[PDB]
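Pasted below: final.txt, compact mmCIF, C-alpha atoms.
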# COMPACT_ATOMS: atom_id res chain seq x y z
CA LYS A 1 -109.84 66.48 -136.78
CA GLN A 2 -106.59 66.71 -134.77
CA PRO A 3 -105.69 70.14 -133.41
CA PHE A 4 -109.38 70.97 -133.95
CA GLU A 5 -110.47 68.09 -131.71
CA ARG A 6 -107.82 68.90 -129.13
CA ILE A 7 -108.62 72.61 -128.96
CA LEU A 8 -112.36 71.94 -128.69
CA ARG A 9 -111.73 69.26 -126.00
CA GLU A 10 -109.82 71.88 -123.97
CA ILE A 11 -112.62 74.44 -124.36
CA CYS A 12 -115.19 71.79 -123.29
CA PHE A 13 -113.05 70.77 -120.23
CA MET A 14 -112.62 74.37 -119.02
CA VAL A 15 -116.32 75.30 -119.33
CA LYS A 16 -117.31 72.11 -117.59
CA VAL A 17 -114.91 72.60 -114.67
CA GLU A 18 -115.67 76.31 -114.42
CA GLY A 19 -119.43 75.71 -113.94
CA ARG A 20 -118.79 72.92 -111.45
CA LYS A 21 -116.80 75.23 -109.19
CA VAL A 22 -120.23 76.30 -107.79
CA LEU A 23 -120.75 72.79 -106.36
CA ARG A 24 -118.11 73.66 -103.73
CA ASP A 25 -120.89 75.71 -102.02
CA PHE A 26 -123.56 72.99 -102.23
CA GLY A 27 -121.80 69.84 -101.11
CA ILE A 28 -123.49 67.94 -103.96
CA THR A 29 -121.07 65.34 -105.36
CA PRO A 30 -120.21 64.98 -109.08
CA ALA A 31 -122.37 61.80 -109.47
CA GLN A 32 -125.27 63.52 -107.66
CA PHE A 33 -124.99 66.54 -109.97
CA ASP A 34 -125.03 64.24 -113.01
CA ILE A 35 -128.33 62.81 -111.76
CA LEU A 36 -129.79 66.30 -111.11
CA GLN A 37 -128.83 67.77 -114.49
CA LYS A 38 -130.23 64.78 -116.39
CA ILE A 39 -133.62 65.17 -114.66
CA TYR A 40 -133.39 68.95 -115.12
CA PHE A 41 -132.91 68.55 -118.90
CA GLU A 42 -135.11 65.48 -119.76
CA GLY A 43 -137.80 65.37 -117.09
CA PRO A 44 -138.63 62.76 -114.42
CA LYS A 45 -136.41 59.68 -114.64
CA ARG A 46 -136.76 56.08 -113.55
CA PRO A 47 -134.01 54.65 -111.36
CA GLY A 48 -132.75 52.41 -114.24
CA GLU A 49 -132.18 55.46 -116.45
CA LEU A 50 -129.84 56.88 -113.75
CA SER A 51 -127.90 53.62 -113.46
CA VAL A 52 -127.33 53.68 -117.23
CA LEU A 53 -126.28 57.35 -117.10
CA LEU A 54 -123.72 56.77 -114.31
CA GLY A 55 -122.59 53.20 -115.20
CA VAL A 56 -123.12 51.89 -111.66
CA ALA A 57 -125.25 49.31 -109.88
CA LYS A 58 -128.77 50.14 -108.72
CA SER A 59 -127.47 49.98 -105.11
CA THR A 60 -125.17 52.95 -105.84
CA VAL A 61 -128.02 54.90 -107.47
CA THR A 62 -130.29 54.12 -104.55
CA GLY A 63 -127.73 55.55 -102.05
CA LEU A 64 -127.21 58.74 -104.18
CA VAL A 65 -130.92 59.28 -104.67
CA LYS A 66 -131.77 58.62 -101.00
CA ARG A 67 -129.31 61.38 -100.03
CA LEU A 68 -130.60 63.77 -102.73
CA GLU A 69 -134.21 63.16 -101.57
CA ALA A 70 -133.21 63.69 -97.92
CA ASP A 71 -131.48 66.98 -98.83
CA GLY A 72 -134.53 68.32 -100.71
CA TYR A 73 -133.15 68.16 -104.26
CA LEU A 74 -135.37 65.36 -105.53
CA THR A 75 -138.82 64.09 -104.98
CA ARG A 76 -140.91 61.16 -106.27
CA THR A 77 -144.11 61.01 -108.32
CA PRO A 78 -146.18 57.93 -109.21
CA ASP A 79 -146.01 56.66 -112.80
CA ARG A 80 -146.19 51.41 -107.88
CA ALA A 81 -143.70 52.64 -110.48
CA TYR A 82 -142.08 55.96 -109.57
CA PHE A 83 -140.04 58.64 -111.29
CA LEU A 84 -137.45 60.85 -109.62
CA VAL A 85 -138.38 64.48 -110.10
CA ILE A 86 -136.28 67.56 -109.43
CA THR A 87 -137.34 70.18 -106.88
CA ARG A 88 -136.92 73.95 -107.17
CA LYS A 89 -133.94 73.63 -104.83
CA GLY A 90 -132.50 71.13 -107.27
CA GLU A 91 -133.35 73.46 -110.19
CA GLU A 92 -131.46 76.36 -108.61
CA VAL A 93 -128.28 74.20 -108.41
CA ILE A 94 -128.30 73.62 -112.19
CA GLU A 95 -129.20 77.31 -112.73
CA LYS A 96 -126.21 78.46 -110.65
CA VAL A 97 -123.87 76.21 -112.65
CA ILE A 98 -125.30 77.59 -115.91
CA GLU A 99 -124.94 81.17 -114.53
CA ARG A 100 -121.28 80.56 -113.66
CA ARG A 101 -120.68 79.17 -117.16
CA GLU A 102 -122.54 82.13 -118.74
CA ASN A 103 -120.40 84.58 -116.70
CA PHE A 104 -117.23 82.77 -117.76
CA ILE A 105 -118.32 83.25 -121.33
CA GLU A 106 -119.18 86.92 -120.58
CA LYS A 107 -115.55 87.66 -119.51
CA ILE A 108 -114.56 86.09 -122.83
CA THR A 109 -117.01 88.17 -124.89
CA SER A 110 -115.64 91.24 -123.10
CA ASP A 111 -111.96 90.72 -124.02
CA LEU A 112 -112.94 90.03 -127.67
CA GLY A 113 -115.30 93.01 -128.21
CA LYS A 114 -118.87 93.07 -129.54
CA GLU A 115 -118.34 92.60 -133.28
CA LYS A 116 -116.00 89.61 -132.83
CA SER A 117 -118.21 88.05 -130.14
CA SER A 118 -121.19 88.10 -132.51
CA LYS A 119 -119.13 86.61 -135.38
CA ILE A 120 -117.81 83.84 -133.08
CA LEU A 121 -121.40 83.09 -132.00
CA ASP A 122 -122.51 82.97 -135.68
CA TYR A 123 -119.67 80.49 -136.38
CA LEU A 124 -120.45 78.39 -133.27
CA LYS A 125 -124.05 78.14 -134.45
CA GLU A 126 -122.87 76.95 -137.86
CA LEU A 127 -120.48 74.38 -136.33
CA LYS A 128 -123.22 73.08 -134.05
CA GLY A 129 -125.67 72.68 -136.95
CA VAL A 130 -123.08 70.79 -139.08
CA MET A 131 -122.20 68.67 -136.02
CA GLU A 132 -125.91 67.85 -135.30
CA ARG A 133 -126.34 66.73 -138.91
CA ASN A 134 -123.40 64.33 -138.60
CA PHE A 135 -124.40 63.07 -135.13
CA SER A 136 -125.89 59.52 -135.24
CA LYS A 137 -128.57 58.22 -132.86
CA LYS B 1 -123.62 84.77 -123.46
CA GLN B 2 -126.80 82.82 -122.77
CA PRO B 3 -126.95 81.55 -126.38
CA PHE B 4 -123.13 81.27 -126.39
CA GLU B 5 -123.30 78.97 -123.29
CA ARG B 6 -126.17 76.87 -124.68
CA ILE B 7 -124.47 76.38 -128.03
CA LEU B 8 -121.15 75.30 -126.46
CA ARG B 9 -123.13 72.96 -124.19
CA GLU B 10 -124.67 71.16 -127.16
CA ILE B 11 -121.35 71.05 -129.06
CA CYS B 12 -119.50 69.55 -126.09
CA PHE B 13 -122.35 67.06 -125.41
CA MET B 14 -122.33 65.77 -129.02
CA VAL B 15 -118.61 65.21 -129.19
CA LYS B 16 -118.62 63.63 -125.67
CA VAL B 17 -121.41 61.21 -126.64
CA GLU B 18 -119.90 60.41 -130.01
CA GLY B 19 -116.48 59.56 -128.50
CA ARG B 20 -118.03 57.39 -125.73
CA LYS B 21 -119.77 55.11 -128.30
CA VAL B 22 -116.50 53.12 -128.42
CA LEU B 23 -116.96 52.08 -124.76
CA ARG B 24 -119.61 49.61 -125.95
CA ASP B 25 -116.88 47.71 -127.77
CA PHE B 26 -115.04 47.21 -124.43
CA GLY B 27 -117.93 46.78 -122.03
CA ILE B 28 -116.62 49.80 -120.03
CA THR B 29 -119.23 51.76 -118.09
CA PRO B 30 -119.31 55.64 -117.88
CA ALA B 31 -118.05 55.64 -114.26
CA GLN B 32 -115.33 53.14 -115.14
CA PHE B 33 -114.24 55.32 -118.07
CA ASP B 34 -114.19 58.43 -115.84
CA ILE B 35 -111.68 56.59 -113.56
CA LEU B 36 -109.57 55.52 -116.56
CA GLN B 37 -109.54 58.94 -118.23
CA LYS B 38 -108.66 60.71 -114.97
CA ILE B 39 -105.66 58.45 -114.44
CA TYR B 40 -104.80 58.71 -118.14
CA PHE B 41 -104.54 62.49 -117.90
CA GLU B 42 -103.38 63.07 -114.31
CA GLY B 43 -101.58 59.84 -113.46
CA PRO B 44 -101.73 57.55 -110.37
CA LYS B 45 -104.72 58.00 -108.12
CA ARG B 46 -105.43 56.78 -104.58
CA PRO B 47 -108.76 54.96 -104.09
CA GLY B 48 -109.98 57.86 -101.90
CA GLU B 49 -109.22 60.38 -104.70
CA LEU B 50 -111.30 58.31 -107.17
CA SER B 51 -114.18 58.31 -104.63
CA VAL B 52 -114.03 62.16 -104.39
CA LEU B 53 -113.75 62.49 -108.20
CA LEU B 54 -116.78 60.34 -108.97
CA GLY B 55 -118.70 61.39 -105.88
CA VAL B 56 -119.45 57.79 -104.89
CA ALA B 57 -118.70 55.70 -101.77
CA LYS B 58 -115.44 53.74 -101.48
CA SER B 59 -117.40 50.45 -101.89
CA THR B 60 -118.59 51.56 -105.32
CA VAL B 61 -115.07 52.58 -106.37
CA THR B 62 -113.78 49.18 -105.20
CA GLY B 63 -116.29 47.39 -107.44
CA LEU B 64 -115.46 49.53 -110.47
CA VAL B 65 -111.64 49.29 -110.05
CA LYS B 66 -111.67 45.50 -109.31
CA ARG B 67 -113.24 44.83 -112.74
CA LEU B 68 -110.81 47.19 -114.49
CA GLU B 69 -107.85 45.44 -112.77
CA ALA B 70 -109.18 41.92 -113.54
CA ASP B 71 -109.78 42.91 -117.21
CA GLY B 72 -106.29 44.46 -117.61
CA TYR B 73 -107.21 48.21 -117.87
CA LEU B 74 -105.74 49.23 -114.50
CA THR B 75 -103.02 47.93 -112.22
CA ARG B 76 -101.70 48.91 -108.80
CA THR B 77 -98.46 50.21 -107.23
CA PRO B 78 -97.59 50.80 -103.54
CA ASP B 79 -97.26 54.15 -101.90
CA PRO B 80 -93.48 54.22 -101.25
CA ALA B 81 -94.08 56.47 -98.20
CA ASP B 82 -96.85 54.27 -96.61
CA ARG B 83 -96.88 50.42 -96.72
CA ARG B 84 -100.65 50.44 -96.08
CA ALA B 85 -101.61 52.64 -99.06
CA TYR B 86 -101.53 52.10 -102.85
CA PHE B 87 -102.18 53.90 -106.17
CA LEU B 88 -104.14 52.80 -109.20
CA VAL B 89 -102.22 53.20 -112.44
CA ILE B 90 -103.24 52.69 -116.07
CA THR B 91 -101.95 49.92 -118.33
CA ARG B 92 -101.23 50.00 -122.07
CA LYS B 93 -104.56 48.34 -122.65
CA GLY B 94 -106.25 51.05 -120.55
CA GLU B 95 -104.48 53.71 -122.67
CA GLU B 96 -105.73 52.16 -125.91
CA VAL B 97 -109.31 52.69 -124.70
CA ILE B 98 -108.72 56.49 -124.23
CA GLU B 99 -106.86 56.58 -127.59
CA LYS B 100 -109.86 54.92 -129.34
CA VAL B 101 -112.23 57.46 -127.77
CA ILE B 102 -110.02 60.33 -129.04
CA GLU B 103 -109.69 58.69 -132.45
CA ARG B 104 -113.54 58.46 -132.75
CA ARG B 105 -113.80 62.15 -131.77
CA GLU B 106 -111.13 63.11 -134.37
CA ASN B 107 -113.06 61.16 -137.06
CA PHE B 108 -116.32 62.83 -136.01
CA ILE B 109 -114.65 66.30 -136.21
CA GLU B 110 -112.99 65.37 -139.55
CA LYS B 111 -116.50 64.85 -141.05
CA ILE B 112 -117.66 68.21 -139.62
CA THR B 113 -114.64 70.13 -140.93
CA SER B 114 -115.08 68.40 -144.31
CA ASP B 115 -118.73 69.59 -144.52
CA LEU B 116 -117.73 73.13 -143.51
CA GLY B 117 -114.91 73.28 -146.05
CA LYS B 118 -111.26 74.20 -145.59
CA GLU B 119 -111.68 78.04 -145.56
CA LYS B 120 -114.54 78.06 -143.06
CA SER B 121 -112.92 75.37 -140.83
CA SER B 122 -109.74 77.51 -140.67
CA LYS B 123 -111.73 80.60 -139.68
CA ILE B 124 -113.55 78.60 -137.00
CA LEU B 125 -110.30 77.07 -135.72
CA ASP B 126 -108.78 80.57 -135.34
CA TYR B 127 -111.84 81.67 -133.37
CA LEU B 128 -111.66 78.61 -131.11
CA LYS B 129 -107.96 79.29 -130.47
CA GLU B 130 -108.95 82.81 -129.42
CA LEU B 131 -111.76 81.50 -127.22
CA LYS B 132 -109.39 78.87 -125.69
CA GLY B 133 -106.87 81.68 -125.04
CA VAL B 134 -109.38 83.90 -123.22
CA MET B 135 -110.66 80.92 -121.21
CA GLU B 136 -107.11 80.01 -120.14
CA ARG B 137 -106.55 83.57 -118.94
CA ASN B 138 -109.66 83.30 -116.68
CA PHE B 139 -109.61 79.64 -115.54
CA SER B 140 -107.82 80.40 -112.23
CA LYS B 141 -110.80 82.29 -110.68
CA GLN B 142 -112.24 80.64 -107.60

Now, as a test, write the supplied structure out as structure tokens.
Amino acid sequence: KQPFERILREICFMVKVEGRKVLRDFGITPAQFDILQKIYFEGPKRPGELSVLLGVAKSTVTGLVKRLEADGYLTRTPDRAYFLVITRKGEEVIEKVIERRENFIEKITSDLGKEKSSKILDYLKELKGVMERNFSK
Amino acid sequence: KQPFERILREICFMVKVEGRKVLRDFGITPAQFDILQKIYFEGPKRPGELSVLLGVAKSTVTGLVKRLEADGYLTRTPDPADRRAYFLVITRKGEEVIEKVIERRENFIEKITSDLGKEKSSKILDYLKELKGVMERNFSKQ
């Protein structure tokens, strides 16, 4: 519950911010990255799915997507309905963020040693599985 | 490392989503909540800083903040060094929203730790404290 929630919130904040340090090199904004990673993970998205994700008006999504398309990170496919689809350039952004997060975790696994790292992974797997069972949809 | 990253990703996602389910009760959108939680944790923010944080134009920020101010979640205070500038600050009502998100997360984690049992939850908490510790030691790297 309490310290548990707080300690996990801090872990989640640090890993999030750590990965996003790579966006300093790309000039992709936080809202634009949110759009890219959602397409990366769930496939081609309709504009309304992005407005729900971000919590903004279509006009905001349209501006963000126009700029992403112009900068080669997104393209369109037909369904006169269209999905936004990520390009390889867009894919590499997400992959760099994941790599930076991975490497952050690698420093961690180094300071802990191999036996402890593997036990912590075993326990994280167990936590995740109990969490997934309790997670409503 | 790769499976370590993927497993933390899914853990963090589930607790994030679970906590944000309370926003439905308030009619607060994800971008609106991101403004409120930023101010909740870091204090007063200029409208330009909110624009940089969200990664949206100033016009979008204005629309988001105007609704939060009208509905009593945010208010405003002048910049004492510049008559032409102002800061957005959170109200009590705005705080209650963040507190209800945290409460929902605590309740979610309470069910998890109950399923795991006291002994295993303790072991896992010690490991997370260690992980948090090592992350803190490395979080300054640019």

Kindly indicate which residue among A:17, A:50, A:108, A:65 lies nearest to chain B, using only C-alpha atoms for the distances.
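Of A:17, A:50, A:108, A:65, the one nearest chain B is A:108, counting only C-alpha atoms.
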
Select, as a short mmCIF file (atom, residue, chain, number, x, y, z; two decimals) with C-alpha atoms, in the coordinates of the input, those residues of chain A with any atom no more than 6 Å from chain B (distances computed using only C-alpha atoms).
data_model
loop_
_atom_site.label_atom_id
_atom_site.label_comp_id
_atom_site.auth_asym_id
_atom_site.auth_seq_id
_atom_site.Cartn_x
_atom_site.Cartn_y
_atom_site.Cartn_z
CA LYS A 1 -109.84 66.48 -136.78
CA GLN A 2 -106.59 66.71 -134.77
CA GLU A 5 -110.47 68.09 -131.71
CA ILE A 11 -112.62 74.44 -124.36
CA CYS A 12 -115.19 71.79 -123.29
CA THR A 29 -121.07 65.34 -105.36
CA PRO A 30 -120.21 64.98 -109.08
CA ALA A 31 -122.37 61.80 -109.47
CA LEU A 54 -123.72 56.77 -114.31
CA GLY A 55 -122.59 53.20 -115.20
CA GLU A 102 -122.54 82.13 -118.74
CA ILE A 105 -118.32 83.25 -121.33
CA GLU A 106 -119.18 86.92 -120.58
CA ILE A 108 -114.56 86.09 -122.83
CA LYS A 128 -123.22 73.08 -134.05
CA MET A 131 -122.20 68.67 -136.02
#

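Here CA of residue 77 (chain B) and CA of residue 41 (chain B) stand 17.4 Å from one another.
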
In Å, with one decimal, what is the gap from CA of residue 88 (chain B) to CA of residue 73 (chain B)?
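Atom-to-atom, CA of residue 88 (chain B) to CA of residue 73 (chain B), that is 10.3 Å.
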
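Atom pair CA of residue 37 (chain B) / CA of residue 32 (chain A): separated by 19.5 Å.
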
Selection near residue 27 (chain A), 12 Å with only C-alpha atoms, sequence-local residues under 6 positions removed, as a ChimeraX atom specification
/A:20-21,33,67-68,71,73,93 /B:52,55

For residue 44 (chain B), list every protein, DNA or RNA residue within 6 Å, evaluated using only C-alpha atoms, and leave out those in the same chain fewer than 4 positions away; present the list as a ChimeraX atom specification.
/B:39,87-89

I'd like the contact shell of region 81-90 of chain A - 12 Å cut-off, all atoms listed in the file, skipping same-chain residues fewer than 2 positions apart - returned as a tab-separated table (two decimals) with C-alpha atoms, keeping the file's coordinate frame.
chain	number	residue	atom	x	y	z
A	23	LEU	CA	-120.75	72.79	-106.36
A	26	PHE	CA	-123.56	72.99	-102.23
A	28	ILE	CA	-123.49	67.94	-103.96
A	32	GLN	CA	-125.27	63.52	-107.66
A	33	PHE	CA	-124.99	66.54	-109.97
A	34	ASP	CA	-125.03	64.24	-113.01
A	35	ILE	CA	-128.33	62.81	-111.76
A	36	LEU	CA	-129.79	66.30	-111.11
A	37	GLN	CA	-128.83	67.77	-114.49
A	38	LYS	CA	-130.23	64.78	-116.39
A	39	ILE	CA	-133.62	65.17	-114.66
A	40	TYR	CA	-133.39	68.95	-115.12
A	41	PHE	CA	-132.91	68.55	-118.90
A	42	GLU	CA	-135.11	65.48	-119.76
A	43	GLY	CA	-137.80	65.37	-117.09
A	44	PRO	CA	-138.63	62.76	-114.42
A	45	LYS	CA	-136.41	59.68	-114.64
A	46	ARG	CA	-136.76	56.08	-113.55
A	47	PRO	CA	-134.01	54.65	-111.36
A	48	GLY	CA	-132.75	52.41	-114.24
A	49	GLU	CA	-132.18	55.46	-116.45
A	50	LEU	CA	-129.84	56.88	-113.75
A	61	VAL	CA	-128.02	54.90	-107.47
A	62	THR	CA	-130.29	54.12	-104.55
A	64	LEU	CA	-127.21	58.74	-104.18
A	65	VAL	CA	-130.92	59.28	-104.67
A	66	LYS	CA	-131.77	58.62	-101.00
A	68	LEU	CA	-130.60	63.77	-102.73
A	69	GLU	CA	-134.21	63.16	-101.57
A	70	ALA	CA	-133.21	63.69	-97.92
A	71	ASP	CA	-131.48	66.98	-98.83
A	72	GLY	CA	-134.53	68.32	-100.71
A	73	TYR	CA	-133.15	68.16	-104.26
A	74	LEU	CA	-135.37	65.36	-105.53
A	75	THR	CA	-138.82	64.09	-104.98
A	76	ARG	CA	-140.91	61.16	-106.27
A	77	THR	CA	-144.11	61.01	-108.32
A	78	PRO	CA	-146.18	57.93	-109.21
A	79	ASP	CA	-146.01	56.66	-112.80
A	92	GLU	CA	-131.46	76.36	-108.61
A	93	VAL	CA	-128.28	74.20	-108.41
A	94	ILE	CA	-128.30	73.62	-112.19
A	95	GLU	CA	-129.20	77.31	-112.73
A	96	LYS	CA	-126.21	78.46	-110.65
A	97	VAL	CA	-123.87	76.21	-112.65
